[PDB]
2 protein chains.
Amino acid sequence: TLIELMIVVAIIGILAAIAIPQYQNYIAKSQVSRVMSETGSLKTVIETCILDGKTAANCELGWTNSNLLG
Amino acid sequence: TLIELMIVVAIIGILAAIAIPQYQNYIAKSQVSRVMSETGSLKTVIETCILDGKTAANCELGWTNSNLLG
């Protein structure tokens, strides 16, 4: 019947009109958190370089190129 | 039996004069709904591109041609 097909169309329209809960807030936050860890891994290597008096030029870091530029 | 034939003719004329309930409102609506689905399926791609930082050229669409240009 036509009414059944129109009900199916209405259900399709209802499902297509779902609300996306602004996922940008999540992923970006996670990315920031990741950077917070990575820069944190550079604490001790800097701190010891501060304590022993080693200069900036010869204070080597174990830093690796991160996927995020941060 | 001429009156019977004239009654038959009157019934034929009555049946032929049925009112068509403007079906154009249905089909088009359904078509629009279908587009509302298909383009919607692209959203989950574009966001994943935007949150990734990829450019327009690097964003790969899993789009297939639709018999409706929309």
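For every chain, the first residue of the written sequence is numbered 1, i.e. counting runs from 1 onward, and this need not coincide with the entry's numbering; residues without coordinates are not included. Note on labels: chains are lettered from A, ligands numbered from 1, in written order. Scope of values: limited to the chains shown, which are part of a larger assembly. Excluded from the side-chain calculations are hydrogens and water; all other atoms, namely the structure's heavy atoms, are used.

1. Details of the overall build of chain A
What counts here: Only DSSP runs of H or I covering at least 4 residues are called helices, and only runs of E covering at least 2 are called strands; the numbering of each starts at the N terminus. Think of it in three bands: with a 1.4 Å probe and only protein chains considered, a residue is buried below 20% of the maximum accessible area for its type, exposed above 50%, and partly exposed in between. For every accessible area listed, the method is Shrake-Rupley and the probe measures 1.4 Å; residues are considered covered only by the protein chains on display. Residues scored as charged are limited to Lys and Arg (positive) and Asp and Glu (negative), so that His and the chain ends carry no count. In this description, the location of a charge corresponds to atom NZ of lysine, CZ of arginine, CG of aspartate or CD of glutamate.
Of the regular secondary structure elements, chain A holds three helices and zero strands. Listing the helices and strands of chain A from first to last along the sequence gives α-α-α. A principal-axis box enclosing the C-alpha atoms of chain A has dimensions of 85 × 15 × 10 Å. A total of 70 residues make up chain A; the buried ones form 11% of that total. Total accessible area on chain A stands at roughly 5,900 Å², and carbon and sulfur atoms take up 67% of it. Averaging the coordinates of the 4 positive side-chain charges in chain A and doing the same for the 5 negative ones gives two points 6 Å apart.

2. Section: the packing of helix α1 (residues 2-16) of chain A against helix α2 (residues 24-50) of chain B
Keep this limit in mind: Axis angles are defined between N-to-C directions and span 0 to 180 degrees, where every axis is a line fitted to C-alpha atoms and, for a helix, only to the segment in contact. For this classification, under 35 degrees means roughly parallel, over 145 means roughly antiparallel, 65 to 115 means roughly perpendicular, and everything else is oblique. The sense of a crossing depends on the near helix, which, turned anticlockwise from the far helix by less than a right angle, makes the crossing left-handed and, turned clockwise, makes it right-handed. Two residues form a contact once any of their heavy atoms are found within 4.5 Å. Polar here means any residue outside two lists: the nonpolar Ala, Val, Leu, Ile, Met, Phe, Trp, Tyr, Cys and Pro, and the charged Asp, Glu, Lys and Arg; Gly therefore counts as polar.
In the contact formed by α1(A) and α2(B), the axes pass within 9 Å of each other and the chain directions differ by 30 degrees. When the axis of α1(A) is compared with that of α2(B), the two are roughly parallel. Judged by the sense of rotation from one axis to the other, the crossing of α1(A) with α2(B) is left-handed. Between α1(A) and α2(B), the contacting residues are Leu2(A), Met6(A), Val9(A), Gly13(A) and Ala16(A) on the first element and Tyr26(B), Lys29(B), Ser30(B), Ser33(B) and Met36(B) on the second. Here the residues of the contact of α1(A) with α2(B) are counted per class, giving six nonpolar, three polar and one charged.

3. Thoughts on the packing of aromatic side chains
Residue and element names in this part refer to chain A. Worth spelling out the cut-off: Stacked, tilted and edge-to-face pairs are distinguished by plane angle, under 30 degrees for stacked and over 60 for edge-to-face with tilted covering the rest, among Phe, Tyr and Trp rings (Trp via its six-membered ring) whose centres lie within 6.5 Å.
Inspection of every chain in the model, using the stated rule, returns two aromatic pairs over all chains. With a centroid separation of 6.0 Å and 45 degrees between ring planes, the pair formed by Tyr23 and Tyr26 is classed as tilted. In this structure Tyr26 comes out as exposed when scored by relative accessible area, which is 53%.

4. Quick look at the pattern of salt bridges
All names here are of chain B. What counts is decided by this rule: Each salt bridge in this description consists of a side-chain nitrogen of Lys or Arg and a carboxyl oxygen of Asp or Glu lying within 4 Å of one another.
For the structure on display, the rule yields two salt bridges over all chains. Salt-bridge contacts for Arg34 lead to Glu38; the nearest nitrogen and oxygen are separated by 2.6 Å. Linking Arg34 with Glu38, this pair stays in helix α2, spanning four residues, or about one helical turn. Judged by its relative accessible area of 17%, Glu38 falls in the buried class.

Keep in mind these values describe shape, not function.
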